[PDB]
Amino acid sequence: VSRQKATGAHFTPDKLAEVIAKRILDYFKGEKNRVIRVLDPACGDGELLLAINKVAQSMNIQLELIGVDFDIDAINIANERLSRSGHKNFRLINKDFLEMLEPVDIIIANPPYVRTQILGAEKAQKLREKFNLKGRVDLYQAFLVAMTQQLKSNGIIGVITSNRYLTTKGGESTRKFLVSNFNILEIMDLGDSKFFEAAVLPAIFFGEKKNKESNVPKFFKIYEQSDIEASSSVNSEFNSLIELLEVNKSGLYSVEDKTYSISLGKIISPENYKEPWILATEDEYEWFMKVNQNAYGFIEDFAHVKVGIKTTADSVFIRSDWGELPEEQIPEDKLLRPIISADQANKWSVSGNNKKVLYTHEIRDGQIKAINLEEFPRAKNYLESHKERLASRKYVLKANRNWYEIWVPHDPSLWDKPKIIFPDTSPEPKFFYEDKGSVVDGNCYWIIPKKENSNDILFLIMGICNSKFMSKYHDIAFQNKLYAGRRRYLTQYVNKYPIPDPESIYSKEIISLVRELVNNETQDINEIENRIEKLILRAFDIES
């Protein structure tokens, strides 16, 4: 990994910095008669301190600028830019802000984002114990805790981070810490606007630190809108993307080359931090709540939403060229199982393609055990070739498991059951039925019924999951998006899909219609699809 990657050295663009500065000073309710202390805990080359001082000078406000950064080169360049700007009252400290100073009145920040795997398992454990965090902790989550305690009560914070704390399971500690330490003023999900050169969807958090001794938090949400429906008008009286960040009306806006969907509203009861924070309008949230009330249950109550095998060496275990190998290394046909990947995914039906996985696990004496390499000589010599890469996986040997094993093989006896398969990263739901007993690749998830009767129940789930109804429910309840409108069909989200009463007459016709799309079509598939949409609306007792 690069130095910039491990240190999160990604500067804030000057125009985005100005946006953050203006909101901070408009939200600030301090005295402003004396020197206001401003802190940037990871100041980089000083862009945020310059941006907030520029805005404050236009208000005849005097600031004390304080910036910290553990990189001396960043400190050196920030001192040069601040000194040349003509501002005298500033101070820079070269240190680890986390420390592995008097409290300030304002914090403007864009802390580094470093994922758990780049921090290493050892340092991630220290951050969790020091700042009371859980899960796959990111470096920006630690900085959120560390910088918050440097802020005086009633002080204003304005910090941009990755938006993923809003919607991920691992963001739970951050959401809890934020709502219990701040009077949340505004959360701006910048979505896929791509203000940074880096591939990241950021969010900006504005809040007033609680006093411990009378406010409704609002939100701003902007994402690129790819599909403009016929009856939707677009506003184009804004020339720059940075200008859309001060729009105060929901709707479609186009900084030409792109059209953006902007939503404003209130965040609903963020104190329920264990669920993802939902940024939805009043109408979207009402429709979302009415579905939940009229829901019979959820997929979690009916089926196991499981991820495919996690091999941790895909190029070694998953191939299609098994036949054109040395005859001494062609694995025994018992070990080559057909495996379905995300590039074969479609709706209801799959598109054999010679793609097989070398399955290293089996059922011996009623238990799941790894295979014996002495029993499969041709498969042994093949895995002997890549032993260096396979044995270098430290986590494999720490669990007292063999170097040649698939890391997560799941249960070899469960592949035979009929199942629903769908891809994780996808802009549209592609849930299809499969009863041929093939393995599921790690880029896909798969659904088997909790009840030992796959009849009807998987077909009802499949019709729900593929529907535009559930895509609308997903975009409201589970707002985790990659670039290009790609949803994340993960266990933690699909478990929470609502399901109507499977004994309802509307549900029974969905099952028969879905059974036609699986068992048996020309372009009349959409005729049945639209019929399922109306049946789903009747099953949930709504009409949108």
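Start at 1 and count along the sequence shown; that's the residue number.
- Coordinates are lacking for 1 to 3 deposited residues between residue 520 and residue 521.
- Counting the deposited residues that fall between residue 351 and residue 352 and carry no coordinates gives a value of 1 to 3.
- Annotation for 114-122 versus 398-406: the higher mean temperature factor (C-alpha) is found in 398-406.
- Between the stretches 447-455 and 305-313, it is 447-455 that shows the larger average CA temperature factor.
- Ranking 367, 261, 269, 281 by the C-alpha B-factor listed in the PDB entry places 367 at the top.
- Among 167, 215, 79, 471, the highest C-alpha B-factor in the deposited entry belongs to 215.
- Per-chain ranking of the deposited C-alpha B factor places residue 54 in the middle third.
- Among the modelled residues of its chain, residue 536 has a C-alpha B-factor that falls in the highest third according to the deposited record.
- Among the modelled residues of the chain, residue 285 sits in the middle third by CA temperature factor in this PDB entry.
- Sort the chain's modelled residues by C-alpha temperature factor and residue 84 lands in the middle third, per the entry.
- In this PDB entry, the Cα temperature factor of residue 300 sits in the middle third of its chain's modelled residues.
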